[PDB]
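The structure appears below as structure tokens.
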Amino acid sequence: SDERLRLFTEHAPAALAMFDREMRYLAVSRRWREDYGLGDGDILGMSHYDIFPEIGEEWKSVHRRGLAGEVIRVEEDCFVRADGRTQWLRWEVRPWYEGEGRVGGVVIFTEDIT
Amino acid sequence: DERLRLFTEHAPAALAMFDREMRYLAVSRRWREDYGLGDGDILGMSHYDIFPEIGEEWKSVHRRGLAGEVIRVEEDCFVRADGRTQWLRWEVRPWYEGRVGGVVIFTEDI
Amino acid sequence: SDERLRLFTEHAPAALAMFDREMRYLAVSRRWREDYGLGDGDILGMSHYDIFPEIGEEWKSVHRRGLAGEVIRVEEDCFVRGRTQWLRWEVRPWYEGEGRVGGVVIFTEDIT
Amino acid sequence: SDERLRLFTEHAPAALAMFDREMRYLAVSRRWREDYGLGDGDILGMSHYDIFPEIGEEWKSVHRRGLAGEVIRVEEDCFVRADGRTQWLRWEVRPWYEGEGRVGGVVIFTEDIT
């Protein structure tokens with residue numbers, strides 16, 4: 001399971017990442033690295049929050065909410081970019097599970113709908 | 001596509017991929033077990049011929065799925081022909097071929 | 001045990017299959033299913049020899065050699081089924097994390 | 001596609017690297033980075049020849065041969081070492097094919113068996 005999940009995320013057609021409890025990268029899809037400007041180096045075990053330290057507590061709440069077993073999906077969401085241009089998003093945050101029924105972390109997905 | 005098909009087949013949970021006719025495009029091994037299917041080729045076989053007893057309630061969910069809607073239930077309860085009760089977690093999701101290809105379905109017995 | 005390998009073979013463009021120490025399917029490529037006329041049922045965990053009880057002793061030694069750690073590659077081979085087939089094939093071990101052989105992976109391809 | 005290989009290489013337990021036609025890295029395994037001392041940073045597109053310029057014609061001809069589609073594998077190769085230790089290596093160099101498919105480059109594996 002765990003590895004297959006990890007491999008499935010790496011291999012995913014869209015932008016996917018998998019994280020542990022500390023929001024540290026367990027795995028990344030290729031689109032995710034591109035979409036998030038992450039490079040091709042090894043980022044595994046790195047922390048999303050160190051990498052982006054300007055996130056805003058709004059995401060932190062969501063990440064927290066997911067880490068407690070909530071599946072969060074928003075079909076069309078809207079942000080206004082620092083750009084000044086509005087961007088539209090589809091995203092999902094959901095927990096993944098350890099062998100025991102303890103939450104391992106989260107898997108997150110996003111796509112530009114805009 | 002095939003990427004999708006291949007993931008569902010080797011999923012660690014009970015997964016199946018359907019077309020707009022609700023006929024199988026792919027299936028996980030656990031789906032095969034939980035659903036009482038064989039190790040046989042089931043491709044192109046309609047889910048509804050296989051489970052004719054299956055209700056209008058579900059059919060409605062599937063069409064909603066077919067309409068591009070993702071449908072989720074974390075804890076659900078339903079009663080079966082045996083009339084033993086089963087608690088369930090289920091997700092029904094569209095997949096796109098970009099118009100909608102079909103649906104992907106997941107169920108887990110609690 | 002190698003999920004990564006199972007994944008690689010499943011998605012392979014060529015004819016590839018992965019076996020355990022007892023020669024039962026761990027993973028199959030599409031071309032292999034087609035080329036070998038497996039069909040589309042669930043064949044994983046099935047033994048290759050049972051599906052094909054006719055397979056010769058010549059292959060069994062090769063599969064056996066492979067399970068003993070040998071990488072076997074033949075660039076061009078000829079065989080007869082009445083018609084003739086020209087072939088390239090590879091048999092080699094895949095390994096468990098403990099350093100033990102876990103099985104073999106087999107690849108076949110037409111050279112003409 | 002390219003991805004299947006890249007992912008395969010990247011998650012290899014052994015030391016594995018994937019190169020393009022000009023011998024610049026497309027993917028690297030962790031052991032390869034460790035064994036070859038490249039570090040955890042993105043090296044994608046760097047040329048192996050630039051990173052190691054002392055590399056011989058002995059390798060180059062071999063690399064080239066693989067790019068010509070040859071599968072080359074050596075079960076035991078011995079190199080004497082500055083250390084005074086003979087080192088034996090197991091290695092394979094072989095082509096990978098683009099979807100067309102023409103060689104997209106080579107895949108190289110080295111393992112110390114001494």
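Labels used: A, B, ... for chains in the order of the structure tokens, numbers from 1 for residues in each chain, and numbers from 1 for ligands as shown.
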Q: Starting from chain D, keep only residues with some atom at most 8 Å from an atom of chain A, counting only C-alpha atoms, and report them as number ranges by chain.
A: D: 3-4, 7, 40-44
Restrict the selected residues to N, CA and C atoms and save them as a PDB file, in the first residue's frame.
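again.pdb was written with the following content:
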ATOM      1  N   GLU D   3       8.822   9.321 -18.659  1.00  0.00           N
ATOM      2  CA  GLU D   3       8.519   9.340 -17.253  1.00  0.00           C
ATOM      3  C   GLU D   3       8.677   7.996 -16.597  1.00  0.00           C
ATOM      4  N   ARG D   4       8.299   6.939 -17.272  1.00  0.00           N
ATOM      5  CA  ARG D   4       8.385   5.644 -16.667  1.00  0.00           C
ATOM      6  C   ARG D   4       9.812   5.328 -16.315  1.00  0.00           C
ATOM      7  N   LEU D   7      11.230   7.816 -13.479  1.00  0.00           N
ATOM      8  CA  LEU D   7      10.792   7.390 -12.183  1.00  0.00           C
ATOM      9  C   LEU D   7      11.488   6.123 -11.764  1.00  0.00           C
ATOM     10  N   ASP D  40      22.577  16.476  -3.518  1.00  0.00           N
ATOM     11  CA  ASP D  40      21.139  16.323  -3.630  1.00  0.00           C
ATOM     12  C   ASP D  40      20.480  17.316  -4.578  1.00  0.00           C
ATOM     13  N   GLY D  41      21.256  18.197  -5.183  1.00  0.00           N
ATOM     14  CA  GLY D  41      20.743  19.250  -6.045  1.00  0.00           C
ATOM     15  C   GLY D  41      20.298  18.911  -7.447  1.00  0.00           C
ATOM     16  N   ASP D  42      19.548  19.782  -8.079  1.00  0.00           N
ATOM     17  CA  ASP D  42      19.073  19.440  -9.388  1.00  0.00           C
ATOM     18  C   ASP D  42      20.245  19.484 -10.322  1.00  0.00           C
ATOM     19  N   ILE D  43      20.546  18.361 -10.951  1.00  0.00           N
ATOM     20  CA  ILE D  43      21.572  18.304 -11.959  1.00  0.00           C
ATOM     21  C   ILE D  43      21.030  18.031 -13.324  1.00  0.00           C
ATOM     22  N   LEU D  44      19.740  18.113 -13.481  1.00  0.00           N
ATOM     23  CA  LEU D  44      19.199  17.701 -14.725  1.00  0.00           C
ATOM     24  C   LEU D  44      19.709  18.588 -15.831  1.00  0.00           C
TER      25      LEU D  44
END
Q: Within 9 Å of stretch 21-28 of chain D, counting only C-alpha atoms, which residues show up once you throw out same-chain ones fewer than 4 positions away? Write them as a PyMOL selection string, please.
A: (chain A and resi 40) or (chain D and resi 5-12+15-17+32-33+43-50+63+67+103-106)
Q.
If we count only C-alpha atoms and set the cut-off at 6 Å, which residues sit around residue D:31, ignoring sequence neighbours fewer than 3 positions away in its own chain? Please answer as a PyMOL selection string.
A. chain D and resi 14-15+34-35
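Near chain A, counting only C-alpha atoms at 10 Å, the chain B residues are residues 1, 3, 4, 7, 10, 11, 12, 13, 69, 70, 72 and 74 of chain B.
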Go ahead and dump the residues you just picked, N, CA and C atoms, as a CSV table (one decimal), in the first residue's frame.
chain,number,residue,atom,x,y,z
B,1,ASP,N,-5.6,7.5,-18.9
B,1,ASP,CA,-6.2,6.6,-19.8
B,1,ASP,C,-5.9,5.2,-19.4
B,3,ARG,N,-3.1,4.8,-18.2
B,3,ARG,CA,-2.5,5.1,-17.0
B,3,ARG,C,-3.5,4.9,-15.9
B,4,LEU,N,-4.7,5.5,-16.2
B,4,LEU,CA,-5.8,5.4,-15.3
B,4,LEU,C,-6.2,4.0,-15.1
B,7,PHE,N,-3.8,2.0,-13.0
B,7,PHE,CA,-3.8,2.3,-11.6
B,7,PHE,C,-5.0,1.6,-10.9
B,10,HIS,N,-4.5,-2.2,-10.1
B,10,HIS,CA,-3.6,-2.5,-9.1
B,10,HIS,C,-3.7,-1.7,-7.8
B,11,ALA,N,-4.9,-1.2,-7.7
B,11,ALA,CA,-5.2,-0.4,-6.5
B,11,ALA,C,-5.3,-1.3,-5.2
B,12,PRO,N,-5.0,-0.7,-4.1
B,12,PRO,CA,-4.8,-1.3,-2.8
B,12,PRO,C,-6.1,-1.3,-2.1
B,13,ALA,N,-7.2,-1.0,-2.8
B,13,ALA,CA,-8.5,-0.8,-2.2
B,13,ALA,C,-9.4,-1.3,-3.3
B,69,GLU,N,-20.0,14.9,-11.6
B,69,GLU,CA,-20.1,15.2,-10.2
B,69,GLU,C,-19.4,14.2,-9.4
B,70,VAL,N,-18.7,14.6,-8.4
B,70,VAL,CA,-18.0,13.7,-7.5
B,70,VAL,C,-18.8,13.5,-6.3
B,72,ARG,N,-19.4,11.7,-2.5
B,72,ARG,CA,-18.7,11.2,-1.4
B,72,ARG,C,-19.5,10.9,-0.2
B,74,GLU,N,-18.4,9.5,3.7
B,74,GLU,CA,-17.5,8.9,4.7
B,74,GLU,C,-18.1,7.7,5.5
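As for atom CA of residue A:57 and atom CA of residue A:114, they are spaced 23.7 Å apart.
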(Q) Using only C-alpha atoms, I'd like every residue of chain C that has an atom within 6 Å of chain B; please write them out as JSON, numbers by chain. (A) {"C": [40, 41, 42]}
Just write the chosen residues, N, CA, C and O atoms, as an mmCIF file, in the first residue's frame.
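Okay, result.cif is ready:
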data_model
loop_
_atom_site.group_PDB
_atom_site.id
_atom_site.type_symbol
_atom_site.label_atom_id
_atom_site.label_comp_id
_atom_site.auth_asym_id
_atom_site.auth_seq_id
_atom_site.Cartn_x
_atom_site.Cartn_y
_atom_site.Cartn_z
ATOM 1 N N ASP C 40 -7.706 -11.373 -20.248
ATOM 2 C CA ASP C 40 -7.789 -10.225 -19.363
ATOM 3 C C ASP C 40 -8.264 -10.451 -17.953
ATOM 4 O O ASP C 40 -8.617 -9.526 -17.264
ATOM 5 N N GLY C 41 -8.211 -11.679 -17.502
ATOM 6 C CA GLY C 41 -8.638 -11.987 -16.165
ATOM 7 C C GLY C 41 -7.530 -11.660 -15.223
ATOM 8 O O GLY C 41 -6.587 -11.043 -15.612
ATOM 9 N N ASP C 42 -7.654 -12.078 -13.981
ATOM 10 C CA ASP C 42 -6.624 -11.814 -13.016
ATOM 11 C C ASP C 42 -5.703 -13.001 -13.018
ATOM 12 O O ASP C 42 -6.086 -14.081 -12.633
#
Q | Contact set, chain C to chain D: 10 Å, only C-alpha atoms, as a PyMOL selection string | A | chain C and resi 4-5+7-9+11-13+70-71+73+75+95+97
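Those residues of chain C that DSSP, working from the backbone, places in helix (DSSP H, G or I) are residues 3, 4, 5, 6, 7, 8, 9, 10, 30, 31, 32, 33, 34, 35, 48, 49, 50, 51, 57, 58, 59, 60, 61, 62, 63, 64, 65, 66 and 67 of chain C.
Shortest separation to residue A:91 among A:20, A:59, A:79, A:109 occurs at residue A:109, atoms counted being only C-alpha atoms.
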Q: Would you return as JSON, numbers by chain the members of chain A that DSSP assigns to strand (DSSP E) on this structure's backbone?
A: {"A": [15, 16, 17, 18, 19, 20, 25, 26, 27, 28, 72, 73, 74, 75, 76, 77, 78, 79, 80, 86, 87, 88, 89, 90, 91, 92, 93, 94, 95, 96, 97, 103, 104, 105, 106, 107, 108, 109, 110, 111, 112]}
Can you write out the residues you just picked, keeping N, CA and C atoms, as a compact mmCIF listing (two decimals), in the first residue's frame?
# COMPACT_ATOMS: atom_id res chain seq x y z
N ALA A 15 -1.08 17.10 -10.91
CA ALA A 15 -0.18 17.54 -9.86
C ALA A 15 -0.57 17.01 -8.50
N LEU A 16 0.26 16.14 -7.96
CA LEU A 16 -0.02 15.47 -6.72
C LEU A 16 1.16 15.51 -5.85
N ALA A 17 0.95 15.62 -4.56
CA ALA A 17 2.02 15.42 -3.65
C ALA A 17 1.50 14.71 -2.45
N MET A 18 2.37 14.01 -1.76
CA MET A 18 2.00 13.28 -0.57
C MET A 18 2.87 13.79 0.56
N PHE A 19 2.30 13.96 1.72
CA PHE A 19 3.04 14.49 2.83
C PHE A 19 2.81 13.67 4.05
N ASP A 20 3.72 13.83 4.98
CA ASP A 20 3.61 13.25 6.29
C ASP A 20 2.94 14.23 7.21
N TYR A 25 7.78 16.34 2.30
CA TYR A 25 7.42 15.63 1.10
C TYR A 25 7.80 14.18 1.15
N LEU A 26 6.80 13.35 1.27
CA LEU A 26 6.84 11.95 0.92
C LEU A 26 6.94 11.65 -0.57
N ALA A 27 6.18 12.34 -1.40
CA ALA A 27 6.28 12.16 -2.84
C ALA A 27 5.72 13.29 -3.67
N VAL A 28 6.22 13.44 -4.89
CA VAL A 28 5.76 14.48 -5.79
C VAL A 28 5.54 13.99 -7.15
N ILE A 72 -11.01 17.15 2.01
CA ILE A 72 -11.48 18.43 1.57
C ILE A 72 -11.34 18.66 0.09
N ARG A 73 -12.45 18.88 -0.54
CA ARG A 73 -12.48 19.08 -1.95
C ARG A 73 -13.21 20.36 -2.32
N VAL A 74 -12.59 21.21 -3.11
CA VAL A 74 -13.26 22.38 -3.59
C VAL A 74 -13.20 22.43 -5.11
N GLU A 75 -14.36 22.37 -5.74
CA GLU A 75 -14.43 22.22 -7.18
C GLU A 75 -13.97 23.36 -8.03
N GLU A 76 -14.42 24.56 -7.73
CA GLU A 76 -13.88 25.75 -8.35
C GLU A 76 -13.61 26.69 -7.23
N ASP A 77 -12.37 27.09 -7.03
CA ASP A 77 -12.08 28.01 -5.97
C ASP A 77 -11.41 29.15 -6.61
N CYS A 78 -11.47 30.30 -5.97
CA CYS A 78 -10.94 31.50 -6.58
C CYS A 78 -9.99 32.23 -5.66
N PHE A 79 -8.85 32.60 -6.20
CA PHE A 79 -7.86 33.35 -5.50
C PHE A 79 -7.56 34.55 -6.37
N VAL A 80 -7.10 35.64 -5.78
CA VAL A 80 -6.59 36.71 -6.60
C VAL A 80 -5.10 36.75 -6.38
N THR A 86 -6.95 37.13 -11.30
CA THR A 86 -7.64 36.09 -10.60
C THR A 86 -7.41 34.69 -11.19
N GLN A 87 -7.12 33.75 -10.32
CA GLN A 87 -6.82 32.40 -10.73
C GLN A 87 -7.83 31.47 -10.15
N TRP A 88 -8.23 30.51 -10.94
CA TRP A 88 -9.26 29.59 -10.52
C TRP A 88 -8.66 28.22 -10.31
N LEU A 89 -9.09 27.54 -9.26
CA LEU A 89 -8.45 26.34 -8.80
C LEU A 89 -9.37 25.19 -8.48
N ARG A 90 -8.95 23.99 -8.79
CA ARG A 90 -9.59 22.81 -8.27
C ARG A 90 -8.59 22.17 -7.37
N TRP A 91 -8.97 21.82 -6.16
CA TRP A 91 -8.03 21.17 -5.28
C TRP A 91 -8.66 20.23 -4.32
N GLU A 92 -7.88 19.31 -3.82
CA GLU A 92 -8.37 18.34 -2.90
C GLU A 92 -7.30 18.07 -1.89
N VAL A 93 -7.65 18.02 -0.64
CA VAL A 93 -6.73 17.58 0.36
C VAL A 93 -7.36 16.44 1.08
N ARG A 94 -6.67 15.33 1.21
CA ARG A 94 -7.20 14.21 1.94
C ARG A 94 -6.15 13.46 2.69
N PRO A 95 -6.55 12.83 3.76
CA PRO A 95 -5.64 12.03 4.54
C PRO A 95 -5.31 10.73 3.85
N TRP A 96 -4.12 10.22 4.12
CA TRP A 96 -3.75 8.86 3.85
C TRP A 96 -3.44 8.21 5.17
N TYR A 97 -3.53 6.90 5.22
CA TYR A 97 -3.50 6.15 6.46
C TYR A 97 -2.37 5.13 6.66
N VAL A 103 -3.60 8.48 10.97
CA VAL A 103 -3.32 9.21 9.77
C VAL A 103 -1.84 9.41 9.60
N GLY A 104 -1.34 8.95 8.46
CA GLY A 104 0.01 9.19 8.01
C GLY A 104 0.38 10.60 7.62
N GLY A 105 -0.53 11.29 6.97
CA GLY A 105 -0.27 12.58 6.38
C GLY A 105 -1.39 12.94 5.46
N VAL A 106 -1.09 13.73 4.44
CA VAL A 106 -2.09 14.09 3.45
C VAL A 106 -1.62 13.96 2.04
N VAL A 107 -2.56 13.85 1.15
CA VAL A 107 -2.28 13.91 -0.23
C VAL A 107 -3.05 15.09 -0.72
N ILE A 108 -2.43 15.90 -1.54
CA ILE A 108 -3.04 17.10 -2.02
C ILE A 108 -3.02 17.11 -3.50
N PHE A 109 -4.05 17.66 -4.12
CA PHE A 109 -4.05 17.79 -5.55
C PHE A 109 -4.52 19.15 -5.93
N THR A 110 -4.01 19.71 -7.00
CA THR A 110 -4.56 20.95 -7.49
C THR A 110 -4.51 21.02 -8.98
N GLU A 111 -5.40 21.77 -9.59
CA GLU A 111 -5.31 22.05 -11.02
C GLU A 111 -5.79 23.44 -11.37
N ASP A 112 -5.14 24.09 -12.31
CA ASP A 112 -5.64 25.34 -12.83
C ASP A 112 -6.88 25.06 -13.65
